[PDB]
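S.K.: Can you keep this structure in mind? I'll have questions shortly.
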Amino acid sequence: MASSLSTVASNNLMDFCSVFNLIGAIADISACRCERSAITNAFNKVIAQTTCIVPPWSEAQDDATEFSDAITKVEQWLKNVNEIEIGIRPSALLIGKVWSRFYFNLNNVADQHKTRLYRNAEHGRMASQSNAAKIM
Amino acid sequence: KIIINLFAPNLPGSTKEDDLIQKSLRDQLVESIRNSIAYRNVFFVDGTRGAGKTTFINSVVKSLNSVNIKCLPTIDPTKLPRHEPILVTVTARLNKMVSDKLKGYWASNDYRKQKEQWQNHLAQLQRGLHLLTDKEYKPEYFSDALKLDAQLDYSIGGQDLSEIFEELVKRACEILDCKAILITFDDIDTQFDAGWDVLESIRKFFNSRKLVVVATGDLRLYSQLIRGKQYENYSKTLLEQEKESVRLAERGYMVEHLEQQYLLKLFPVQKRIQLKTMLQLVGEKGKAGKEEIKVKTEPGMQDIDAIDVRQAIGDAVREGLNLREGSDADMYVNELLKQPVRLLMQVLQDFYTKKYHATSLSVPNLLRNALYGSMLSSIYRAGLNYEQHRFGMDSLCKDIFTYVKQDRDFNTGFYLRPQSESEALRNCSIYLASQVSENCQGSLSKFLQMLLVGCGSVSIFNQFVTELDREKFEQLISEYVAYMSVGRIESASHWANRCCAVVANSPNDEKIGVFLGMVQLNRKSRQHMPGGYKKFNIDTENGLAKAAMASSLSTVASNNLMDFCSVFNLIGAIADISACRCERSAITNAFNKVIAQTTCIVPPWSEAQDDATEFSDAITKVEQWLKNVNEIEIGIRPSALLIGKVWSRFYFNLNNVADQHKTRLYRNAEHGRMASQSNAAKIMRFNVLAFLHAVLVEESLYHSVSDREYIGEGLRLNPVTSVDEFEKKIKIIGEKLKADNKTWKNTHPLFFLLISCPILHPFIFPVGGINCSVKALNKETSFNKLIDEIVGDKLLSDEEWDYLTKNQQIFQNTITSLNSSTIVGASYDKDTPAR
Amino acid sequence: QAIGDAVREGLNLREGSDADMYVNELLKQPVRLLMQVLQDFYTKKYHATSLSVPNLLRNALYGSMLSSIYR
Ligand SMILES: Nc1ncnc2c1ncn2[C@@H]1O[C@H](COP(=O)(O)OP(=O)(O)OP(=O)(O)O)[C@@H](O)[C@H]1O
C-alpha cells in the first residue's frame, strides 16, 4: 500500500490509494531485475519524491528483519517468471482489448460500492455490506 | 578491433584500415554490387546527420579500386560551379581516365583506331548539349534533328541525349576492358537545393546496364526537396482560388501520394542501407556488444591498454559532474551516445586533450569549456546567458529559471533531467548540470545559495503566483524576476526577507498566522489573553538565543508593519557567515544585516552580562566553527541532482509541518510536553529538524564521496510530529559506520557541518517545544545523546537538559520566551481533548 | 498464403478477422508497394535462415510507407 499511498501536495494534504500504482509498481520491478536497489527503492518512490500539485487550470516491533524478508519474495517472483515470460508473444489487438476489459471493470466496481457503506459494515459478513477493504 | 586515436585530425583523408568505426556495412555492401552486375540498379546509403558519410563512401571506392568494376572519383554536388549540368562533369571525369588508357598500352594499330572512335561520340555529345541549358526552342534546330549521322545506329530519331550518353559509356567500357562503371555521389547536407539536379539526372540519363550509382544523403531531407517541387506544377491561380479545407485536404494527399512513389522509382527499398548510430554499434549495458570500440585517451600509450568508449564517457560524465556511479549516471552517457558522431568526437577530443595538458586542476572546469562550444547553437536557441567572463552563481540562478519556463515543468525542472521533447532543451539540460557542479564544487556557502535562491525560486512561483491566457502569465514572470531580483542578489538573507513577502499575500482558511515554514508573531498585545501568552520581546532572551532570534526575523510594510519568524532567514544567514574568514567583525554584521534596514514592500501583483561583550562568547563559538568548515570545504563535491533532490524532500516535509500544526492550538500550547500540544516554538524546532532530516536522507543516497549508502534497506518518512523516526536513522547509520571503521567527516560532510553550527544549536531544543511523556523521553533521551555523538564535545550542560525534561536558571543556548508568544489569528478558544 | 506468412507472424496474429483484415489492407496497397514489402521478407529471411520476424516486418514497413509518417 505504501507505493499506492500517494499524497497530493496542495493547500491541504490529500492522500489517495489507487490500483494503478499497484500496476505501476510491478511494471517497474522487472525493468532492472538486479542490483537489489531498484526493487528496494521501488517500495519508496512516492513517500517524499513525488509531490503532485493540482493543475493551474483546476479550481484549487522491529521493521529491519521484515524489510529484507519482503524483498526476496519479489526476487523469488522474478526468477520463476523469467523461465516462461519469453515464450509468450502479445500484439496490438489483444493488448488494447484487455484494457477495455480492465477500464470498464474499474468503473462498475467504483460505481456500485460507492453507496454500499454503512455504520456497521466494517469487516461486514453480509453479502451487501461493503467497506474500503471491500472496494480494494 | 578498433583503436581510435584522439590525438589525430580524424579527417576523412586521414583515416586508416583499422580506425573505421563501421566496417561490417563496408564489407557487406561490396559484394552486393558485384552480385548485381554478375548477372535501374541505383544504390542508396542512408545516414543520420554526423553518422559518417563522406568518410564511409570513400572507403567503398577504395575497396572497389584494388568481375572488374572501374570507379570514378567521388563528386560533390555542393562544391560545384552553379549553372553547370551534372552530365558535363561526369563526362569530363570519365574522359580523363579514358585518355589515360589510350596513351598506356603498346599496340599502335588499335590505339590509332580506338582514339578516333572515342572522339566520334564526344563531338556528337557536344553539339547536342544545348538542350540542357536553353530556355526556349529554336526552329533552326529542327533541321538538325532530321539529319541522321552515319556508321552509328540510333533506334530512336532526334537528339535524345539519353542514348548518346548510353552509347558513350558502352564505348568507354571497351577501352577500359571493364564490366561496369561505378558512379558515386556525395552528401548534400550543406546545400540540399543543389541536390535536385542529381535526382533529375539520375532518373533520365543513367538508365543503362553498365552504370551503377551509389547516392548518399539524408533521406528525411530529400522528401522536403521533392515535395516542394511537386507544388510548382499546380497553377498559382488554382492554388489560391480553391482554399477550402475539403479541397486542401485532398490536394495535400495527392502531393504526398505522388512523391512517396517517386522516391521508390529512384531508390529501391531493397537497395537502401543505413549507417548505424554510435548507440547501435556498442549496444546498451544489458545486451552484448556487437562491435566494440576502444579509444586512446592519453597520448603515446601502448595498444594493450586501450579503454572502451563507454568507460571513456563514464570517465567524464561521472567525474566531471560529480555524479555517483549508478543508473542515473547512465542516463547522460546513453543520451551522449545518441548524438551524432561528429559532435561526440569533438567533445571527447577537447576534454581529454586539456586534461592531459593540465596534468603535464578541476575536472568539471575542463568539461564545462568543452560543453560550451559543442552545444553553443542550442544555447542561443534557448536564450541562456552566453558571455564568457560573466559566469557565477548570480548568472547561473537566472539561467536555471529560464530553462524551467522553457521546459514547462516546475516539479522536476530543477532536477535538470535530459528528458525534454525538443532536442535543443536536451542539450541545454546537460550543459547546465555541468555548470552547476563547477562553481558549487569545494564550497559550502556557494552550495546553500544554489539551493536557496536557485532551486527555491522555482517552487515558490509554482504554487503561490502561478494560480493567479498565457500572455497575462508572461508579464507575471517579467515583474516577479524584477521584484525578487533573481538576476542579482545582494545577500542570501535578503532573498528570504523577500521570500516571506511573496508568500505572505496568500491567506488561508480561518486566517491562522502560520505559513509555509514561517509563523507570524504578533507585534502588539491583544486584550485579555489567557494563560501566560504575551507579546514577543527580543530582550527576554540572552546570549546565543538572542543572536539566533535576531537572524530569524523579517518585516513587511503593508500599511501596518508585520513581523515574521522564518527558517529561510536562518538558512540564508549561514550562507553569509560562512562566506569569508579574513575578517572578524563581518560575522557580527551578518547577525544584524537585515534587522535594522529592512523596509520591505508589498509586491506589485498583490493589492495588499555587560552589553559591551554581550555577543563576545557567541563570536568565539562561530569563530571556532570557521576553522572546522574551512578544513572540510575541499571535501564537498555537490552534484546537479543532489541539490534538486534535497529541496524536493524539504518542500514536502515543510509543507506537512505547516499544515498539521495549524488547528493544534487549544489554550494549552504553552509549556507543551505531550505530542498533542503544539505552540509556536514547537513548529520552529521541527522546521530546523525538517531541514536537517531532508539533508540526511539525500546526502547518503546521492553523493560522490560514498560508493554505497548507509541508510540501509528501510522505509523513510519525515518528522511531521514525532522525532522518533529521525532518531533511528542516526542510530542505524552510527552502527553501520562503526563496522566499516569509518569516521563521520569523510562520509557525510554536509550533515556533519550543519549539525555543528552554533547558530542552529538553540533551535534544536527550545523550552516550550520539547516533547515530554512516558515514551517521548525514551526516544528523545537517545536522540539527545545521538546529537552529542556527532559533535566532538558536549552540546549542553546536563542540568539545563534536566530542567526541560521535568518542566530558576538562565539559558544561554536555549530560547526562553518564543514559546509563550502568540500568533495573529490564533485566538485561543478551544481546549485540548485528551483521553 | 504469401501474405498470411507475412502478417500472422509479422504482427503476432492468429487465424481470425485481424489477420485477414491485415492481408486485405496489404492488398489494397499498390502492387509496386506490395512487392517491396513482400520481397523484403523472403530475401532477408533467407539470409536469416541461411530471428526477429515481427521486427523484420517493421524493417520492411519502414522503407514501405516512410513518407506518410511526416504527414
Ligand atoms: N573512422 C572514424 N573514426 C572517428 N571519427 C570518425 C571516423 N570517420 C568519421 N569520423 C567523424 O566523422 C567526421 C566526418 O564527417 P562525415 O563523414 O559524417 O561527413 P559529412 O560532414 O557529412 O560530409 P561532407 O563534409 O563531405 O559534406 C569526422 O570529422 C569525425 O568527427
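S.K.: Could you grab me the full set of residues in the range B:1-11 that are surrounded by 15 or more Cβ atoms within 10 Å (Cβ to Cβ), near the ligand (Cβ under 9 Å from one of its atoms) and not polar (S, T, N, Q)?
M.R.: Across the range B:1-11, the qualifying residues are B:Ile2, B:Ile4.
S.K.: Are any residues in the range B:508-537 closer than 18 Å to B:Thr663 by Cβ and hydrophobic (A, V, I, L, M, F, W, C), and if so, which ones?
M.R.: B:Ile512, B:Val514, B:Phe515, B:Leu516, B:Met518, B:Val519
S.K.: Also, I was wondering about something else. How many residues are farther than 25 Å from B:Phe536 by Cα, within 45 Å of the chain's Cα centre (by Cα) and among the aliphatic types (A, V, I, L, M) if we restrict to the range B:788-835?
M.R.: Of the residues in that region, 3 qualify.
S.K.: Test each condition in (1) within 11 Å of chain A (Cβ to nearest Cβ); (2) surrounded by 20 or more Cβ atoms within 10 Å (Cβ to Cβ); (3) of a type in the set (A, V, I, L, M) for B:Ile732 and report the one that comes out false.
M.R.: (2)
S.K.: Find the residue count for the range B:494-515, including only residues that are within 14 Å of chain A (Cβ to nearest Cβ) and surrounded by 21 or more Cβ atoms within 10 Å (Cβ to Cβ).
M.R.: First pass over the range B:494-515, keeping only residues within 14 Å of chain A (Cβ to nearest Cβ): B:503, B:506-512, B:514-515.
Pick out the ones that are also surrounded by 21 or more Cβ atoms within 10 Å (Cβ to Cβ) and you get B:514.
So the count comes out to 1.
S.K.: Restricting to the range B:693-732, give me the number of residues that are closer than 30 Å to B:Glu438 by Cβ and in contact with a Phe, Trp or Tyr (Cβ under 7 Å, 6 or more places away or on another chain).
M.R.: Residues in the range B:693-732 being closer than 30 Å to B:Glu438 by Cβ and in contact with a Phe, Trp or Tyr (Cβ under 7 Å, 6 or more places away or on another chain): 6 in total.
S.K.: Would a scan of the range B:378-387 turn up a residue that is of a type in the set (A, V, I, L, M, F, W, C), within 14 Å of chain A (Cβ to nearest Cβ) and within 30 Å of B:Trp495 (Cα to Cα)?
M.R.: No, the conditions are met nowhere in the range B:378-387.
S.K.: Can you tell me which residues in the range B:639-676 are part of a loop (DSSP other than H, G, I, E, B), in contact with a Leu (Cβ under 8 Å, 6 or more places away or on another chain) and either of a type outside the set (A, V, I, L, M) or within 10 Å of chain A (Cβ to nearest Cβ) (or both)?
M.R.: B:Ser639
S.K.: Now for a separate question. Being touching a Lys or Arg at 6+ places or on another chain (Cβ under 9 Å) and within 19 Å of B:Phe536 (Cβ to Cβ) narrows it down to one of B:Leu626, B:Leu561, B:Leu570, so name that one.
M.R.: None of the others qualify; the one that does is B:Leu561.
S.K.: Out of the helices (runs of 4 or more DSSP H) lying entirely within the range B:314-393, which hold 3 or more residues that are of a type outside the set (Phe, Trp, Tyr) and out of contact with any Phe, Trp or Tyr (no Cβ under 8 Å at 6 or more places or on another chain)? Before you say what the answer is, go through the steps one by one.
M.R.: Working: elements: B:327-338, B:341-359, B:363-374, B:376-382.
Because the criterion is at least 3 residues that are of a type outside the set (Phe, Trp, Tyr) and out of contact with any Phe, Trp or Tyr (no Cβ under 8 Å at 6 or more places or on another chain), the helices (runs of 4 or more DSSP H) in the range B:314-393 that meet it are B:327-338, B:341-359, B:363-374.
S.K.: May I pose another question? Those residues that are within 12 Å of another protein chain (Cβ to nearest Cβ) and more than 26 Å from C:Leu13 (Cβ to Cβ), I need them from the range A:68-91; list them, please.
M.R.: Within the range A:68-91, A:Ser68, A:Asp69, A:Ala70, A:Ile71, A:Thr72 qualify.
S.K.: Restricting attention to the range B:43-67, and to residues there that are over 26 Å from B:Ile293 (Cα atoms) and more than 14 Å from chain C (Cβ to nearest Cβ), which single residue is farthest from the ligand (Cβ to nearest atom)?
M.R.: Among those that are over 26 Å from B:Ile293 (Cα atoms) and more than 14 Å from chain C (Cβ to nearest Cβ), it is B:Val67.
S.K.: Additional query: Taking the range A:60-94, which residues are of a type in the set (A, V, I, L, M) and surrounded by 10 or more Cβ atoms within 10 Å (Cβ to Cβ)? Let's see the steps before the verdict.
M.R.: Initially, the range A:60-94 is screened for residues of a type in the set (A, V, I, L, M), giving A:60, A:64, A:70-71, A:74, A:78, A:81, A:84, A:86, A:88, A:92-94.
Hits for the range A:60-94 are A:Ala60, A:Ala64, A:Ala70, A:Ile71, A:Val74, A:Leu78, A:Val81, A:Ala92, A:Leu93, A:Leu94.
Listed here are the residues, each with its yes/no results for (1) closer than 20 Å to B:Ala694 by Cα; (2) of a type in the set (A, V, I, L, M, F, W, C).
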position: B:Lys405; (1), (2): no, no
position: B:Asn411; (1), (2): yes, no
position: B:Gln419; (1), (2): no, no
position: B:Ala424; (1), (2): no, yes
position: B:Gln435; (1), (2): no, no
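S.K.: With respect to B:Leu219, is the statement that it is among the aliphatic types (A, V, I, L, M), crowded, with 18+ Cβ neighbours inside 10 Å and within 16 Å of the ligand (Cβ to nearest atom) true?
M.R.: It is true that B:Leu219 is among the aliphatic types (A, V, I, L, M), crowded, with 18+ Cβ neighbours inside 10 Å and within 16 Å of the ligand (Cβ to nearest atom).
S.K.: Filter the range C:24-42 down to residues that are at the interface with another protein chain (Cβ under 9 Å from one of its Cβ atoms) and of a type in the set (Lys, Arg), then give me how many there are.
M.R.: Here the count works out to 1.
S.K.: Now for a different question. So in the range B:305-336, with the set limited to residues that are over 24 Å from B:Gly644 (Cβ atoms) and aliphatic (A, V, I, L, M), which one is farthest from the ligand (Cβ to nearest atom)?
M.R.: Looking at residues that are over 24 Å from B:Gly644 (Cβ atoms) and aliphatic (A, V, I, L, M), I get B:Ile307.
Every residue, every condition in (1) surrounded by fewer than 16 Cβ atoms within 10 Å (Cβ to Cβ); (2) within 41 Å of the chain's Cα centre (by Cα), yes or no:
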residue	(1), (2)
B:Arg227	no, yes
B:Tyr231	yes, yes
B:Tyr234	yes, no
B:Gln241	yes, no
B:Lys265	yes, no
B:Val269	no, yes
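S.K.: Follow-up question, since we're still on this one. Answer yes if at least one residue in the range B:765-782 is under 17 Å from B:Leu696 (Cα atoms) and either among the basic types (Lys, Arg) or surrounded by fewer than 16 Cβ atoms within 10 Å (Cβ to Cβ) (or both), and no otherwise.
M.R.: Taking every residue of the range B:765-782 in turn, none turns out to be under 17 Å from B:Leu696 (Cα atoms) and either among the basic types (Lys, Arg) or surrounded by fewer than 16 Cβ atoms within 10 Å (Cβ to Cβ) (or both).
S.K.: Which ones in the range B:34-57 are β-branched (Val, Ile, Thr) and not in a loop (DSSP other than H, G, I, E, B)?
M.R.: Residues satisfying the conditions are B:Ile37, B:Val42, B:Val45, B:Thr54, B:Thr55, B:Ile57.
S.K.: In addition: Could you list, in sequence order, all residues of the range B:341-365 that are among the aromatic types (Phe, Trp, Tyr) and either near the ligand (Cβ under 10 Å from one of its atoms) or in contact with a helix residue (DSSP H, G or I) (Cβ under 7 Å, 6 or more places away or on another chain) (or both)?
M.R.: Result: B:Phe351, single match.
S.K.: Is it true that B:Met278 is aliphatic (A, V, I, L, M) and within 16 Å of the ligand (Cβ to nearest atom)?
M.R.: Answer is yes for this residue.
S.K.: Being of a type in the set (A, V, I, L, M, F, W, C) and under 25 Å from the mean Cα position of the chain (by Cα) is the filter here; which residues of the range A:46-62 pass it?
M.R.: Of everything in the range A:46-62, those that are of a type in the set (A, V, I, L, M, F, W, C) and under 25 Å from the mean Cα position of the chain (by Cα) turn out to be A:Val46, A:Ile47, A:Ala48, A:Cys52, A:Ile53, A:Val54.
S.K.: Counting just the residues of the range B:24-42 that are loosely packed, with under 15 Cβ neighbours inside 10 Å and more than 28 Å from B:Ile175 (Cβ to Cβ), which one comes out farthest from the ligand (Cβ to nearest atom)?
M.R.: By that ranking, first place goes to B:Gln28.
S.K.: Return the residues of the range C:1-23 that are assigned to a helix (DSSP H, G or I) and either more than 14 Å from chain A (Cβ to nearest Cβ) or within 12 Å of the chain's Cα centre (by Cα) (or both); say none if nothing qualifies.
M.R.: C:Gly4, C:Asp5, C:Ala6, C:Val7, C:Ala19, C:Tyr22, C:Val23
S.K.: For residues in the range B:12-23 being surrounded by 12 or more Cβ atoms within 10 Å (Cβ to Cβ) and near the ligand (Cβ under 9 Å from one of its atoms), which is farthest from B:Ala215 (Cα to Cα)? If you could, list the steps in order and put the result at the bottom.
M.R.: First pass over the range B:12-23, keeping only residues surrounded by 12 or more Cβ atoms within 10 Å (Cβ to Cβ): B:12, B:15, B:19-23.
Still in the list and also near the ligand (Cβ under 9 Å from one of its atoms): B:12, B:15, B:19-22.
Numbers: B:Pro12: 18, B:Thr15: 21, B:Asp19: 24, B:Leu20: 20, B:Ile21: 20, B:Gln22: 18 Å.
Step by step, filter the range B:12-23, then rank; the result is B:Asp19.
S.K.: Within the range B:682-712, count every residue that is over 30 Å from B:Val767 (Cα atoms) and not charged (D, E, K, R).
M.R.: Here the count works out to 10.
S.K.: Looking at the range B:677-715 only, could you name the residues that are outside any helix (DSSP H, G or I), away from chain A (no Cβ under 12 Å) and more than 27 Å from B:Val363 (Cβ to Cβ)?
M.R.: Once the filter is applied, which keeps residues that are outside any helix (DSSP H, G or I), away from chain A (no Cβ under 12 Å) and more than 27 Å from B:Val363 (Cβ to Cβ), the range B:677-715 yields B:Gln677, B:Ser678, B:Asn679.
Readers should treat all values here as calculations from the given coordinates under stated rules, not as data from a laboratory. Cβ atoms come from the backbone with ideal geometry, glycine included; neighbour counts cover every protein chain shown.
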